[PDB]
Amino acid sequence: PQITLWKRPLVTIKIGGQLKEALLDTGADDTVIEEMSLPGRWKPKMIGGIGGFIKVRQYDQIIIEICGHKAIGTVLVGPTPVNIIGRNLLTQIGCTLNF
């Protein structure tokens, strides 16, 4: 689909069998979601935002569906204000910016 930007580009994602709302964010290097349980081991990671840095948990090779498109990749879990789909997964679903 073609998504205009008059409103937030919010989509439904499915992760761990649950539906959640997330924002398609070209300004985010990686994907970060609010607290939830994910399988496997995690690694430490620091990500920087407008307000400063936060610690997150990095989970690898996580199955995630984005607006019905199947992706498998890195998902960070932490104190984010909104669920964000970053470039690591936008590239998997073949998302580009056009003007």
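In this text, residue numbers run from 1 along the sequence as written.
Peer 1: Comparing 70 to 78 with 33 to 41, where is the mean C-alpha B-factor higher?
Peer 2: Higher mean C-alpha B-factor in the PDB entry: 33 to 41.
Peer 1: So 84 to 92 or 11 to 19, which one's hotter by mean CA B-factor in the entry?
Peer 2: The stretch with the larger mean CA B-factor is 11 to 19.
Peer 1: Relative to the other modelled residues of the same chain, rank the CA B-factor of residue 46 and answer lowest, middle or highest third.
Peer 2: Residue 46: CA B-factor falls in the highest third of its chain.
Peer 1: Consider only the C-alpha atoms of the modelled residues in this chain, order them by B-factor as the entry records it, and name the third containing residue 62: lowest, middle or highest.
Peer 2: Its C-alpha B-factor belongs to the middle third of this chain's values.
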